[PDB]
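Same protein, same chain, two forms; see structure 1 and structure 2 below, as structure tokens.
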Structure 1
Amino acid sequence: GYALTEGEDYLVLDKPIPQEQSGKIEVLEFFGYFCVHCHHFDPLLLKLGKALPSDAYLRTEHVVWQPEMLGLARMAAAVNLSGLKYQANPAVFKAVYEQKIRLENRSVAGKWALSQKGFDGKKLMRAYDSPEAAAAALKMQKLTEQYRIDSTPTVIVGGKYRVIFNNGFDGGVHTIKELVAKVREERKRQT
């Protein structure tokens, strides 16, 4: 099978990241659109996300390490606020990592978004402009600094378990699935 041994598969965080929901097991991913490993790992992570039972969920946050790149953090806010994660991610990652398009810039984003064709780019920009998006951008920066996120992708399952990708990011999916099972059993009540 696939036993979960500490200091091997995962590390118990020093200082847990509060889930945005009590009652369900959070799978948290920090990432950047400029990160070749996030880009590659993203299809696999969304797939896991879509298959997660109803008691668990995926949450993704975009690291902010330099003020100039808060706009990428804001584009991620758009993507998610808009409900377009499953549609837009591949395209967004592509534009940023493969095409070096500067989506942190607003004129550029809006243009790219509306030039798109595989999802409602209009919707995306409605959300990108929403004041809720800027607020989420700042919370993302806050999250980065507050919890010392110095590498992407960082996956914390259930607030208190940090994934160690000792056999590749591809190998971490079936570790994340086990961490949710671990938190579930930790949550579960008796008689």
Structure 2
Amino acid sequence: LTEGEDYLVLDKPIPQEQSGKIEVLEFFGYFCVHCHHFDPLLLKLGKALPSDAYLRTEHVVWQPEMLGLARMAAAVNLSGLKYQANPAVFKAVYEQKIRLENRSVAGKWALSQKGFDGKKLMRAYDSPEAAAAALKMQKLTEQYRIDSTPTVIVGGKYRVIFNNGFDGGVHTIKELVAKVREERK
């Protein structure tokens, strides 16, 4: 690991979801194009990370309209429908046939879907928790200058530099988790 080469020090730390464990936070967008409609980095990290590390994701909000995409991400997470629903969400965003950022369009879309409880997803979508979470994602994007997807932050402090491709990324993340663990002694 080298400062300025492999990683960067955040000027203000991002408060972790859970204390005691080491957060690995990914900022993402549903406009990130993946060959199987899921992020291969999240899948790899889920298995390669040590036992005391956990994964967090936030949808990036770059334009005011994008609060709609962030609200979808919050709905999915909060409904507990990540693996049943996200693939269909990526695909809808990829095709660009409907403005999924719009609540009523999102609702009509969700209810017509064959592969998951769209009613459960929409219940989470119209709950105060999901609207709040969507706005928090905007605050996070702005407050911490997230201008790039994916961006990975470890233990709230260290921002990955993807200087060596995919696999160099997992290695950097793993070393950063070991850095955070040791420093919090």
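Numbers follow structure 1, counted from its first residue as 1. We call the rigid core whatever largest set of C-alpha positions still superposes within 1.5 Å between the two forms.
Summarising the superposition on the core between the two structures, the listed residues 166, 151, 66, 146 contain exactly one with a Cα shift of 2 Å or larger, 166. After superposing the rigid core, the Cα of residue 56 is displaced by 2 Å or more between the two structures. A displacement of less than 2 angstroms separates the C-alpha positions of residue 135 between the two structures, with the rigid core held in common. Relative to the superposed core, residue 124 undergoes a Cα shift smaller than 2 Å between the two structures.
Core superposition places the Cα of residue 11 3.4 Å apart between the two structures. Once the core of the two forms is superposed, the Cα of residue 28 has moved 0.8 Å between the two structures.
On the core-superposed pair, the CA position of residue 38 changes by 9.9 Å between the two structures.
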